[PDB]
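Engineer: Input: one structure, supplied below.
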């Protein structure tokens, strides 16, 4: 019993360590996804601006 | 004995909590991806429109 | 205290289930990433096509 | 029970395996996000160039 339960605690420690590794990964995933949001929103602005530039061309044909 | 096994459990509470935290993080990433999809589809639509306006210039003029 | 250990088993089952829920979330992120990869590549095509349309205008000026 | 505790161990190993699988998934998701960030930045460069052609 005591020995089996010590090994269960060794095994739960390694699980907690695996979860720490996963949280780390998830932070990095979030970082990049946040960045992507910010870049896509920048693109949106630039494409919008291009709409207006296009229309102006049309209207001065 | 009972103390060792209570700790096996009180550690498991903290693990479960961490997992809940990770599920929340991942939900927010799921949301953000859905939003990105929408943005990108609309950019397509705007660029398409700009291409049409361009072509009209090319064709008639 | 077979009792304590039954509750630990109840508890590790729920954790495993939390992990399954998180894997489900990650599948959903994969799906939408795949959509994004595709759609962003389509947007790149369209924006290129715009660039060609632009140039043609320039040449006819 | 020795048996109950062997099944706990069977279960903790599978959890550790699940966590490894999830780490792999999240790696691949991050790779794809990096690719997307690159491609969106290339799209920005192209749209800027379009602005200059517009001008």
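Chains as they are written, first to last, in PDB author numbering: chain D, 160 to 220; chain C, 160 to 220; chain B, 160 to 220; chain A, 160 to 214. Every residue, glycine too, gets a C-beta built ideally from N, C-alpha and C.
(1) Under 9 Å Cβ-Cβ, which residues of chain A neighbour residue 197 of chain B?
(2) Distance cutoff 8 Å, beta carbons only. Does residue 218 of chain C sit that close to anything in chain B?
(3) Quick check: is the beta carbon of residue 208 of chain B nearer than 8 Å to any beta carbon in chain C?
(4) Counting along the chain, where does the alpha helix (DSSP H) carrying residue 213 of chain C start and finish?
(5) Counting only Cβ-Cβ distances shorter than 9 Å, please list the residues of the stretch 160-171 of chain B near chain C, keeping chain order.
(6) 8 Å is my cut-off, CB to CB: does residue 200 of chain C come that close to chain D?
(7) Kindly list, in the order they appear in chain C, the residues whose Cβ is closer than 8 Å to that of residue 192 of chain B.
(8) Output, in chain order, the set of chain F residues within a Cβ distance shorter than 7 Å of residue 184 of chain C.
(9) Taking only beta-carbon positions, decide if residue 175 of chain B is within less than 8 Å of chain A.
(10) Under 7 Å Cβ-Cβ, which residues of chain C neighbour residue 203 of chain D?
(11) Using the beta-carbon count (16 or more within 10 Å), is residue 212 of chain B buried or exposed?
(12) Label residue 189 of chain A either buried or exposed according to how many other C-beta atoms from any shown protein chain fall within 10 Å of its C-beta, with 16 as the threshold for buried.
(13) If you count every other CB in all the chains shown that lies within 10 Å of the CB of residue 164 of chain C, and 16 or more means buried, which is it?
Structural biologist: Judging by the given coordinates:
(1) Here residue 197 of chain B refers to the residue found at position 38 when the third chain is read from its first residue. Going along chain A, no residue has its Cβ under 9 Å from residue 197 of chain B, so there is no contact; the nearest lies around 11 Å.
(2) One-based indexing of the second chain puts residue 218 of chain C at position 59. So no, residue 218 of chain C is outside the interface.
(3) In the third chain, residue 208 of chain B corresponds to position 49, counting from 1. Chain C places a beta carbon closer than 8 Å to that of residue 208 of chain B, counting this residue as a contact.
(4) Taking the first residue of the second chain as position 1, residue 213 of chain C is located at position 54. Unbroken alpha helix (DSSP H) run through residue 213 of chain C: 161-219.
(5) Those would be 160, 163, 164, 166, 167, 170, 171, in chain order.
(6) Position 41 of the second chain holds residue 200 of chain C. Not an interface residue.
(7) Taking the first residue of the third chain as position 1, residue 192 of chain B is located at position 33. What residue 192 of chain B touches in chain C: 192.
(8) The structure shown contains no chain F; its protein chains are D, C, B and A.
(9) As a position in the third chain, residue 175 of chain B is number 16, starting the count at 1. Chain A contact via Cβ: present.
(10) For the purposes of this step, residue 203 of chain D is identified with residue 44 of the first chain, where counting begins at 1. Chain C residues near residue 203 of chain D: 198, 202.
(11) Here residue 212 of chain B corresponds to residue number 53 of the third chain, with the count starting at 1. It is buried - the Cβ of residue 212 of chain B has at least 16 other Cβ atoms within 10 Å.
(12) Position 30 of the fourth chain, counting from 1, holds the residue named residue 189 of chain A. Buried, by the Cβ-count rule.
(13) Indexing the second chain from 1 puts residue 164 of chain C at position 5. Using a 10 angstroms sphere on the CB of residue 164 of chain C, the tally of other CB atoms reaches 16 or more, which defines it as buried.
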